[PDB]
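Working notes, structure below.
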Amino acid sequence: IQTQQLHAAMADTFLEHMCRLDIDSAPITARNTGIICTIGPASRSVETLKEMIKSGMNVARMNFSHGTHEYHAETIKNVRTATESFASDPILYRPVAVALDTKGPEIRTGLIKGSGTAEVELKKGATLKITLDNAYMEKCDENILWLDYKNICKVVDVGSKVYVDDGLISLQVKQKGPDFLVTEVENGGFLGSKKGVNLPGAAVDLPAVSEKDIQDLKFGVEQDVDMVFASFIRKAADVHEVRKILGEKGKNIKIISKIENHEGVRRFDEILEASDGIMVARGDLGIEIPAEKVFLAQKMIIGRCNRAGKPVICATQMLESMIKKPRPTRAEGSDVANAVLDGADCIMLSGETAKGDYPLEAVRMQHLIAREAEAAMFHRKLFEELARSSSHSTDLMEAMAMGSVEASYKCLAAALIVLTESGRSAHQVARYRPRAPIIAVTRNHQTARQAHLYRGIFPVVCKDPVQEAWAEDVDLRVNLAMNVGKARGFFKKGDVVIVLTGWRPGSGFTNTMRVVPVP
Amino acid sequence: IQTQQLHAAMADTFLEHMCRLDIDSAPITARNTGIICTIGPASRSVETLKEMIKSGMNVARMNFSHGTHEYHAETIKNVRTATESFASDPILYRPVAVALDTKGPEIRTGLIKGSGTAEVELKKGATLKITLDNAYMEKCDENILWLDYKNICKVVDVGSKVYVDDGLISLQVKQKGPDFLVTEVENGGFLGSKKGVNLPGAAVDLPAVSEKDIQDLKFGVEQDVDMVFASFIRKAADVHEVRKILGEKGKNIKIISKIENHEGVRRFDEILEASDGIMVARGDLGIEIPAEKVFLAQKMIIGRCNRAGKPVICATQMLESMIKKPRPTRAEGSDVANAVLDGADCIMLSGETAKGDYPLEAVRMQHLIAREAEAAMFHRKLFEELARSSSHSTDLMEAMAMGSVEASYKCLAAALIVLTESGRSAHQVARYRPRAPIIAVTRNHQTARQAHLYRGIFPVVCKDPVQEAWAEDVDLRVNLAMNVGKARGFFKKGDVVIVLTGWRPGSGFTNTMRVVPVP
Amino acid sequence: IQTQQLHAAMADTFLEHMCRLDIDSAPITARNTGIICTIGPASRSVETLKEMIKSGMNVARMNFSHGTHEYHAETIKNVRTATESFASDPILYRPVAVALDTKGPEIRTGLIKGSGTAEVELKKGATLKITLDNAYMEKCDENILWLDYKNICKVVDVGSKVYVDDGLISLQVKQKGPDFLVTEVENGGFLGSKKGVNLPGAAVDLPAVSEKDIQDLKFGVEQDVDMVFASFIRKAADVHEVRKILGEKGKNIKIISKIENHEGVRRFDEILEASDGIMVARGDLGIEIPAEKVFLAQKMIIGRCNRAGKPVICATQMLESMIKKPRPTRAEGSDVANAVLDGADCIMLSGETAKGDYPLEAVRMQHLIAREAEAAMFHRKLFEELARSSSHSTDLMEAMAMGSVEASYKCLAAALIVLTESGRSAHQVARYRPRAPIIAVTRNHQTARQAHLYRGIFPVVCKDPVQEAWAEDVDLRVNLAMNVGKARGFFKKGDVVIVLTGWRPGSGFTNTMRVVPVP
Ligand SMILES: Nc1ncnc2c1ncn2[C@@H]1O[C@H](COP(=O)(O)OP(=O)(O)OP(=O)(O)O)[C@@H](O)[C@H]1O
Ligand SMILES: Nc1ncnc2c1ncn2[C@@H]1O[C@H](COP(=O)(O)OP(=O)(O)OP(=O)(O)O)[C@@H](O)[C@H]1O
Ligand SMILES: O=C([O-])C(=O)[O-]
Ligand SMILES: O=C([O-])C(=O)[O-]
Ligand SMILES: O=C([O-])C(=O)[O-]
Ligand SMILES: [Mg+2]
Ligand SMILES: [Mg+2]
Ligand SMILES: [Mg+2]
Ligand SMILES: [Mg+2]
Ligand SMILES: [Mg+2]
Ligand code: NA
Ligand code: NA
Ligand code: NA
């Protein structure tokens, strides 16, 4: 009984590949797919944060949607505190990224009967008037609804729908004025105060960044985050807007755009080009677009990013059930796996870690599935498809990347060691999707932490100073990776590994590739 | 914007195929995936049952693990009643299949406070006693739980873990008694009636066919079911025995082996060979085996049945969130869409329709996701991969099927019309997976009911009496199909369609293929 | 029992396909690739004609660059004589096409000693005078060499090179005047009559359609030729021009454009688009362009026509040897084979039949090699690729063809019988390259003759009156095929066949496909 789906790995067709999957075919210890965990009341503590890390947490996500700078900073604190607890063991030390998730643009209704707690009941088939007249900003009721978005009538059309409260309530536009909309309740319910609005199929003129947004980003810069997850991206311009706010001080910050609506989907191509990475924000996306289309968009986005060699994140409701239970649903297990099969660089946990009763279990779970799904990929076919995709480019690093992955397959390397500072070298490899783990040694901590954004990248921070001999310095770094994979159980002495390095100190890339034996 | 993902249909590569999936690409009216609904308390009603038919249900599932024969015979009548209510119009009548789900070698709980619909809430950390004392078999509660399995004590040990209800609840043995076990709730949860008990890693020697199984099966024959879903099939032998119990009288009833344990996976090959079809039974499966391995088994199984040309069903917890909510989760929408992509012939609903709060929704949602996933298939690679797999075969009807599918792809016909009595011809078409709808006109009722097990087959009962001239008869049936297609919105006058008929009466199969325009 | 490379037909890769070709794997009786024979002095005879047809000859080419209208008219005569000589038994009657090969924009020497059958030896180093002196026109010889081109002196420099007879002889201009050219013979060789002059890389302003061309054209129209090999076609305009001269009376004469220069190649596409088919005239072509590049043209050109669905011919020096030897060279046998594998619908013989010592042997040799090569094709992949190409198209007859061919493979049918009058349904099928024979039954003689242009089509001429009853009439025709197939030894009883017919009369195409057993 081969391991890691090697038997199916040898299939000629996709169909054969499937038919060959084996539950008895064990997968390697190394889990390539990054796990992004939203931190919160459930996970905030150091102790817990220690467990989250132990459990497989790679990225700590800061949902700026709620809480104060003072709160988040405290979370970041703890995170940093928890991470460092292992530093004492440079070998057993594991980098953990910090991400900032923007509240983003928002539409909100007014107060019901001047009360924040009151409710009304909209009944299907009834008429309801939307006004922009702040005269009613606190006089919302069964007949009149006031909202935050002054330009609404400009972007919505008669016959269009207005969704209130996470799509709970649906409204159909029957009449449009410059100051109001006359709608018809399709999907009734109780209406509370200050509920969210969604304008499915609308090309919303809200700014790329709210005022709050600007503030958080600056904050994130001051906090030294590793990336930013930018809510509500609808076009390249919006990405540019964010870039602009982070500016020169935060030019090294990774901007991940969140695809959450039709527009975003339709203008994905430009958005992708302008971004550093993508996040398939299923939550809103599923609210914005028909829930039955989400998958299409998910696979489209994943394929496109894989094609472009840009990091992609699958997020939202992956293990939903797990907020309350220690074991997920079958669909849940399915979802995580397909996600990984799709080509997703990272997978995410929101509610599950933030507030749920089983944060660690969610993490462990994700870890478990990802590993299995990872072996189950059809690498040969994939590499081949990818290569074709990129045929247009004759880049050297890529060539190095292609050659090295091909070799890792050929001799079934146990790992791929890449020495990089910027991490470009390592990114080039990950994109070609080896099956083996990519152990990347860098002296740049931020590069290290950011690596997580990429599939198969296992960052190892070199905390030593530079030697007078390049050669030696390189050898050392290599050895480091060697003690790690060993310490991690990725391999043992005798195993073979692909080693990538820069010929000289001003090489520019890992131009030197070598097949080597573990000590 | 092209329809039915036809742009992505032109993809050369799988990677490319994925990249071109467009949410703005609208599916067709026809939904190829059969929808199987478990009928129960929530769905038993004739009014309701009428609703579900309209919403899309193709097969009525009755679980003999719950209720009674009479409970079941009543439901069966209601389905039949509901169904025939449409028999009137020979163009809007939807054949609806009936299926019996066996108990098999399983361990089951008692009744909760004397009810088959009542439940109780367990509390993490609480103690719970399992009793064999038949005195409580109807008095199960939060303090005491009665089991089916009298030997339970010999096959368990202190510290052993007992799972209840597809792993929902985890009990850990604390105390062994001669008549009982004092357990501990390891996790909070709602305990319902007659729930499965799973003892992973325990010697449970139950027979493939129990005396009770004998009665249900015979009852199913008397009930004139169309197929049996055979729980916990473990070897071809089990299957043979079932066929044996159904004997001559129920020789035409379809046997669907349910895969839900290690053994069933392991001996899958021998199981498929002997069955009429398979079910991926995820509920039990995922608790028997590692939850993380499910998708593997799921995928292996579906490739295998696809390869084999035998009907496969994906089931359980597919729209799980919908038992309580009116919208499914993101993992849920994915699951369903991936099962279709995986190649499942039918998908299924359990608690969702049997006892949930939103039975019709659950249905329409499956329906929605299904048409979408359908269009998203990569038919060209698929077909190619299928052809290949059945290379060794040289069958005449296979030949007719492949040429039929092939040309349908080519001229993009609106459907394939197939004249069949055994349903053999149609099935052979469905295995080659065309995009278009297969409309199978038959005078044989069971065939028509039975057809739903096969992808894309929309069965049409020709009620007209056999014409004395082959030609007119054939023509007669074609018109019937032509009319249903038009009525059902499958196509319009001018559309092009592929027609499979016999040259002569008693030709044996559809050896006649023509491309015909709609009238 | 190995036959028709069926084992190789099952390879997954092009490599494995190769690796599996078995010499011991016997080919079927049916030779797919048409054999075109250049009818000359050596094959004019009725008695010789009889044996060649017998030998596998499907088409006769009458080269206008040689002879007089009268010599060619007799040849036709004899051709048709030896042909209908077989009209006795319509089961074994084999049609033969009559092809007019044009002069074109060419330079041609004159009569060697008023002969034309006369030859002359030229020694290396010797001297030869090119003259425009008509009084030598028919008096060429070792000393004196007359030519077609009165401007040649303007188009050539001293030191330059003059090619005679497809580059057979290299003449270097030593000195030139107004009237003549003074050259020294660069390589020895037999200089014959009405030879070809190639002034490679020289601005010849020849006209696309000589008045003589015109003359001949009109002549062949009266001759009732089925096709035309238009020599030296350089651009679509030339085609239209030939098309032009063919005018109405010959709106059905197939125009086969010959690519024998750098321009023809370069303007291939529009040429192709305008012409009914193409010939790869390597004799002239190989001297017009570097000898080392012809195979690139051949492959590009054969590939393109395949793609287009237009008949292509491989022509010139295939079995050169054989003009003097009874057995061809290794290189020549590879050539015919490779040409067949390339995709050529037809193959040609030139000197081999027209003047060679072993006309009959050469023919049979083509027959022999073709068969063997037809089997060696990788039908699987080829069909997929062919479809990849035709993918934009949704033509109905095309869908028929494809499904038909697809079926043919599946059930290893012994043949496909097509009933056609225009012949298109048959070409449509031919183009999809089935391994099996196409028995194309028609009541159109010209159709039957022209069918030889397309690969695998075996033309059968139905001589019987029309049936009042379509069915009978169709049947009959089908019967015809059956008998002929039987008589030809294509199949026996119980063999499977694919039947292509039209549902009704004037169906515009075969819309009805049926799988049948031989009677
Ligand atoms: N006929 C019925 N009467 C009462 N409750 C039912 C009935 N059918 C289903 N249910 C309820 O719905 C739940 C899920 O239905 P399902 O048919 O999938 O049962 P199950 O317990 O999961 O076992 P299986 O493994 O056999 O499917 C059952 O556990 C039971 O609580
Ligand atoms: N009608 C003919 N009469 C006599 N000899 C002929 C005749 N046709 C062909 N031949 C001889 O056969 C040789 C090869 O025949 P072919 O038809 O290929 O002519 P060619 O000169 O090579 O012209 P092309 O380029 O057109 O093929 C001719 O060059 C000629 O010597
Ligand atoms: O913002 C998100 O993550 C979402 O909507 O899923
Ligand atoms: O029995 C079933 O359907 C299951 O367990 O999924
Ligand atoms: O005419 C030809 O065949 C040639 O020139 O090769
Ligand atoms: Mg969001
Ligand atoms: Mg169940
Ligand atoms: Mg079960
Ligand atoms: Mg020529
Ligand atoms: Mg020649
Ligand atoms: Na956020
Ligand atoms: Na059951
Ligand atoms: Na010529």
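Sequence positions for chain C are given in Swiss-Prot numbering; the residues included correspond to 13-531, in order.
When the header is checked for method, it gives X-ray crystallography, 2.3 Å.
Yeah, the Cβs are placed from backbone N, Cα and C, and that goes for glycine too.
According to Swiss-Prot, the features are:
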BINDING   C:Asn70, C:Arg106, C:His464  L-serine binding site
BINDING   C:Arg73, C:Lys270, C:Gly295, C:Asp296, C:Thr328  substrate binding site
BINDING   C:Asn75, C:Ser77, C:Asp113, C:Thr114  K(+) binding site
BINDING   C:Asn75, C:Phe76, C:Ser77, C:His78, C:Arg120, C:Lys207  ATP binding site
BINDING   C:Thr432, C:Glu433, C:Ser434, C:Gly435, C:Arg436, C:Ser437, C:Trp482, C:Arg489, C:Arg516, C:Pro517, C:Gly518, C:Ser519, C:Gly520, C:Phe521  beta-D-fructose 1,6-bisphosphate binding site
CROSSLNK  C:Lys166  SUMO1 cross-link
MOD_RES   C:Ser37  phosphoserine
MOD_RES   C:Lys62  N6-acetyllysine
MOD_RES   C:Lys66  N6-succinyllysine
MOD_RES   C:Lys89  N6-acetyllysine
MOD_RES   C:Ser97  phosphoserine
MOD_RES   C:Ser100  phosphoserine
MOD_RES   C:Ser127  phosphoserine
MOD_RES   C:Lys166  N6-acetyllysine
MOD_RES   C:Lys266  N6-acetyllysine
MOD_RES   C:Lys305  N6-acetyllysine
MOD_RES   C:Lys322  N6-succinyllysine
MOD_RES   C:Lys322  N6-acetyllysine
REGION    C:307-531  region 'Interaction with POU5F1'
SITE      C:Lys270  site 'Transition state stabilizer'
* **In sequence order, the recorded positions (C:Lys66, C:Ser100, C:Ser127, C:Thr328, C:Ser434, C:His464) whose C-alpha falls within 10 A of C:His78 (ATP binding site)** => none
* Asked: Do you know offhand how many angstrom separate C:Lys266 (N6-acetyllysine) and C:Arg106 (L-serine binding site) by C-alpha?
  -> 20
* Among the recorded positions listed here (C:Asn70, C:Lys89, C:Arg120), which has the Cα closest to the Cα of C:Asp296 (substrate binding site)? -> C:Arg120
* Structure fact -> Rounded to a whole number of Å, the separation of the Cα atoms of C:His464 (L-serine binding site) and C:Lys322 (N6-succinyllysine) comes to 13
* Which recorded positions from the set C:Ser37, C:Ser77, C:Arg106, C:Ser127, C:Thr432, C:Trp482 come near ligand 10, judged by a Cβ under 6 Å from any of its atoms? -> none
* Structure fact -> Taking only the CA atoms, the spacing between C:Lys207 (ATP binding site) and C:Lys66 (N6-succinyllysine), expressed in whole angstrom, is 31
* Using Cα positions only, nearest of the recorded positions to C:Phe76 (ATP binding site) (C:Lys62, C:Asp113, C:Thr328, C:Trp482, C:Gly518) -> C:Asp113
* **Other C-beta atoms that fall within 10 angstroms of the C-beta of C:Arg106 (L-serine binding site)** => 18
* Structure fact -> Here the Cα-Cα span from C:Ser100 (phosphoserine) to C:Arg106 (L-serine binding site), rounded to a whole number of angstrom, reaches 11
* What is the one among the binding-site residues C:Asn70, C:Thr328, C:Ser434 whose Cβ has the most other Cβ atoms less than or equal to 10 Å away? -> C:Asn70
* What is the total of other Cβ atoms whose distance to the Cβ of C:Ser77 (K(+) binding site) is within 10 Å? -> 15
* In the structure shown, which of the modified residues C:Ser37, C:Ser97, C:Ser100, C:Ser127 has the fewest Cβ neighbours within 10 Å? -> C:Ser100
* Restricting to the same chain and to sequence separations of six or more, state which residues have a Cβ under 8 Å from that of C:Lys270 (substrate binding site). => C:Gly116, C:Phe241, C:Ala242, C:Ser243, C:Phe244, C:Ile245, C:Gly276, C:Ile290, C:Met291, C:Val292, C:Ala293, C:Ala327
* Which one of these binding-site residues, C:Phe76, C:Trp482, has the sparsest Cβ neighbourhood, judged by other Cβ atoms within 10 angstroms? -> C:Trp482
* Structure fact -> If you measure between the CA atoms of C:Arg516 (beta-D-fructose 1,6-bisphosphate binding site) and C:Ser97 (phosphoserine) and round to the nearest Å, you get 35
* Sorry to bug you, but what's the C-alpha spacing from C:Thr328 (substrate binding site) to C:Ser97 (phosphoserine), rounded to the closest Å? => 29
* Structure fact -> C:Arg73 (substrate binding site) -> DSSP, reduced to three states, gives strand
* Three-state secondary structure, which DSSP defines for C:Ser127 (phosphoserine) -> coil
* Asked: In the structure shown, which of the recorded positions C:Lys322, C:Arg516 has the fewest Cβ neighbours within 10 Å?
  -> C:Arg516
